[PDB]
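Residue numbers (the deposited numbering): 1 to 153.
Even for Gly, the Cβ is constructed at its ideal location relative to N, Cα and C.
Everything below concerns the one structure shown next.
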Ligand code: HEM
Ligand SMILES: [O-]
């Protein structure tokens, strides 16, 4: 798990996201969709977005970004004690949305990228380490639920 010090770093970094949840959420999803176009195809409601300009102009994309980061933030504030929060998300993403764990790896990487892009020189090595551990814990606990369900893709 994460140490008390590491969780403090995670939640400090998270304050940066909370100052502009929609902007961070939008950029995370755009990074995901442009880097990995197959991910867009999982969103029937974003399939029409044929260019990054269209993505940037989509108010619904920003809305979904807010929903995604709000859910993740709730999970992070549990400092690993997130079974009740995480289980339903893992199950909706496997059974309803059909999201392979690879795509969760992609979005985790996108979050790290966006933090550096929006806060260059202000996302230190310690902070990156801690946030990476938190995202890996999130992904890994989802992976355990995916295995329970026998879900791959
Ligand atoms: C940080 C990781 C993620 C979080 C916290 C998250 C959170 C959420 C939440 C809260 C919802 C709405 C409730 C629900 O259906 O369970 C949702 C819906 C959805 N998610 Fe995610 N999600 C994540 C990653 C992903 C990824 C990587 C994909 C696909 C590449 C994805 C695909 C979807 C889709 C297709 C929906 C339904 C969207 C709609 O049509 O309204 N999610 N997600
Ligand atoms: O999502």
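query: Return the CA-CA distance between residue 49 and residue 43, expressed in angstroms with no decimal places.; result: 10 Å
query: Grab the span of the alpha helix (DSSP H) containing residue 88 for me, first residue to last.; result: 83-91
query: Whose C-alpha, out of 137, 124, 140, is nearest the C-alpha of residue 9?; result: 124
query: Quick check on DSSP: helix, strand or coil for residue 117?; result: helix
query: Could you spell out the range, first to last residue, of the alpha helix (DSSP H) harbouring residue 79?; result: No alpha helix (DSSP H) holds residue 79; DSSP gives it neither H nor E.
query: CB residue 73 to CB residue 14, shorter than 8 Å?; result: yes
query: Return helix, strand or coil for residue 3, following the three-state DSSP convention.; result: coil
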